[PDB]
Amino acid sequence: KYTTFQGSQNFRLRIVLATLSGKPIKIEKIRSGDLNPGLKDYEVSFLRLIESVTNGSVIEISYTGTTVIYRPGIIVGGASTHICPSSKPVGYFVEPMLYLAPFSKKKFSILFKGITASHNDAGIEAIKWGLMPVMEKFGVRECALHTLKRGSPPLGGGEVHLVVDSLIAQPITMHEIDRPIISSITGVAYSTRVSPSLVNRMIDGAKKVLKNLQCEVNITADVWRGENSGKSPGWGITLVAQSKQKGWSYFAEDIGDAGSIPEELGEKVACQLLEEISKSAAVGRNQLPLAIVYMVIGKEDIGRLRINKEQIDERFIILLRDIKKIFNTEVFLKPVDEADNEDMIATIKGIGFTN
């Protein structure tokens, strides 16, 4: 009730950090001036999800939804089903569970139902090939997101099963001071309720941009039809730059809208992947908050993570301010001894048993 935050900004992160620290928080002035004030249905749904995986939490929401008081319970997990409202795809709900699942008393075995993709949230492939390899590097040996059904917007009808068999005391201490070498480019181009030609056209677009590179480019054609493909036509593509030596990855993702050109989507996502690589060091911008939190919660030891100057953006700044408010931990940044790049080393003392 006393560590106080303003607005809807970083709502899931703030609740996740309170859950991991065991510290009670208050989130006030959520969309205060708006015609429709307070929490959105998807934020309320996320709070119900937090209640289902924890035990003994107290969640109080003010009448108009502008204030949330969160007194966290212990992470318990177990088997459950979560119905995701249309306003957000499954990935919006799966993503914060990734920060909690390995630190649970019992294994998380959650069936998420609804839309499986959007333009703004983590897609299925982003979780499986982007976030999960990062958690594996941190010691989450067994984690899986099983795709039972895809559900393209607007009608959805998708189904994903999150299973995190690895229960660990805390993430291992991070030591990555080099720029990982990209050995190949992989990815998944998928579609629902449409002809196999659309997936082939996205792959054509991505290959047009990527053919200039000196590495292998192998994009999976994943065509979904019939009942398991959900209720709406749709298509998307996730491209993943792989680093075989240690198992690091860089990715970009997007979905196409009705009337859009699949070749153009392929090209765009390939352009976005190259841009993401240019802005990265140890991880990409989309994996950096997870990596940062995992180091904050490690044992009392110093972890090191190489970051690119392009990654120190306003989002990175707010993330660090939220962590300090909850854990009192500061991230120390020192330049690399090299002249080839302007990268820096993020050094973080893990919380351990510290209160």
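The first residue of the sequence shown is number 1, and the count goes up from there.
Novice: Quick check: 332-340 versus 11-19, which has the larger average CA B-factor in the record?
Specialist: The deposited B-factors put 332-340 ahead on the C-alpha mean.
Novice: Using only C-alpha atoms and the B-factors in the entry, which stretch averages higher, 186-194 or 209-217?
Specialist: The stretch with the larger mean CA B-factor is 209-217.
Novice: Whose C-alpha has the highest temperature factor in the PDB entry: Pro133, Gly226, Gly234, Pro89?
Specialist: So the option with the highest C-alpha B-factor is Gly226.
Novice: Tell me which of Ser152, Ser260, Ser109, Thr173 tops the list for C-alpha B factor in the record.
Specialist: In this record, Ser260 carries the highest C-alpha B-factor of the candidates.
Novice: Where does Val240 sit by CA temperature factor within its chain: lowest, middle or highest third?
Specialist: Its C-alpha B-factor belongs to the lowest third of this chain's values.
Novice: Once the chain's modelled residues are ordered by C-alpha B factor and cut into thirds, is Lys309 in the lowest, middle or highest one?
Specialist: It belongs to the highest third of the chain when residues are ordered by C-alpha B-factor.
Novice: For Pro180, does the deposited CA B-factor place it in the lowest, middle or highest third of the chain?
Specialist: Highest third, going by the recorded CA B-factors of the chain.
Novice: Is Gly247 in the lowest, middle or highest third of its chain when residues are ranked by C-alpha B-factor?
Specialist: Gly247: CA B-factor falls in the highest third of its chain.
Novice: Thinking about Cα B factors across the chain, which third does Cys271 belong to?
Specialist: It falls in the top third of the chain.
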